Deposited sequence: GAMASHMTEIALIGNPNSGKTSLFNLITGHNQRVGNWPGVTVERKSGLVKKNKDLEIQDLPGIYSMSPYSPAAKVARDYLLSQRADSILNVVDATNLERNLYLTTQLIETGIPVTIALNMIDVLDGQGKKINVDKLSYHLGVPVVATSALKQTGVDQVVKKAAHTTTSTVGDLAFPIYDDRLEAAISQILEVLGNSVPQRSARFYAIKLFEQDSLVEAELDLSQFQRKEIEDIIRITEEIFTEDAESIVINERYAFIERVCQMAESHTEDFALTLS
């Protein structure tokens, strides 16, 4: 069955969207941290789509066990579509997570939620330009006004029937080298995600993959060589490339 996962920052409106899509009445609150575990439901208008409400998350290197629930569901390879719920009033901050979601290889559809909040403040956001620069479908949504909901579910449903944010080519060289070291050690769909996290020296991914000493020695050498090329630490190279990619689109 087609699985759509609701991924987004805390308090961005994920459960609000879930309740409209499923007809459920899961807990919704005007403060972050209401949802703490996964909740499933059928799309009321297409009973062939199953959608998953998940706790808020800021980064695929999560800062909390609740957020790690959302990361673990994505990396369990059970989701066919990521419905990325983006707080339209906090575009830049939300898009940092969005870049990592795209790298997972699971097709991403953006629900630009709380668009009524932006409307009241007289602010505009060209969805077509944002979609063009991110490489994913984008739909302005409002769970309060109940606008755009059915539309974003259809496009998420159809991404399941991929262009990654391409960073500095010096970093892309290292990513390709780490990919060839990984081989089939990771699911092919999410190979780029694991390669980047390994470059970031992410502790979660390192503990999860359990690579051989032969693999780890080369990855370390790739990181060190690339760090010398950038004259910057590995973790900061990726963070700077994510934000630099965002500013070109925002």
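Asker: Taking the deposited sequence as numbered from 1, list the residue ranges that were left without C-alpha coordinates.
Answerer: Unobserved in coordinates, per deposited numbering: 1-6, 168-172, 262-276.
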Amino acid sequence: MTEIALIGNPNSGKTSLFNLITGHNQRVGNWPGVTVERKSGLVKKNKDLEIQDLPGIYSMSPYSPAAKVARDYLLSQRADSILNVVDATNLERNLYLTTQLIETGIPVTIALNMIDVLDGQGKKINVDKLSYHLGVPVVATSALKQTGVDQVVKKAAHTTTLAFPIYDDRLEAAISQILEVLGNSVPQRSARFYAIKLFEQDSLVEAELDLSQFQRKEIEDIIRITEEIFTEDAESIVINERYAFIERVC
From here on, numbers count along this sequence of modelled residues.
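Asker: With respect to the recorded C-alpha B factors, which stretch has the higher mean value, 172-180 or 125-133?
Answerer: The stretch with the larger mean CA B-factor is 125-133.
Asker: Which has the higher mean CA temperature factor in the PDB entry, 150-158 or 113-121?
Answerer: 113-121 has the higher mean C-alpha B-factor.
Asker: Would you mind finding, among 92, 80, 72, 103, the residue with the largest C-alpha temperature factor in the entry?
Answerer: The record points to 92.
Asker: Should residue 192 be placed in the lowest, middle or highest third of its chain by the C-alpha B factor in the entry?
Answerer: Its C-alpha B-factor belongs to the lowest third of this chain's values.
Asker: Place residue 22 in the lowest, middle or highest third of its chain's C-alpha B-factors, as listed in the PDB entry.
Answerer: Middle third - that is where residue 22 ends up once the chain's C-alpha B-factors are sorted.
Asker: Would the CA B-factor of residue 46 place it in the lowest, middle or highest third of its chain?
Answerer: For residue 46, the deposited C-alpha B-factor lands in the highest third.
Asker: For residue 64, does the deposited CA B-factor place it in the lowest, middle or highest third of the chain?
Answerer: For residue 64, the deposited C-alpha B-factor lands in the highest third.
Asker: Based on the entry's values, in what third of the chain does the Cα temperature factor of residue 30 lie: lowest, middle or highest?
Answerer: Within its chain, residue 30 is a middle-third residue by C-alpha B-factor, going by the deposited values.
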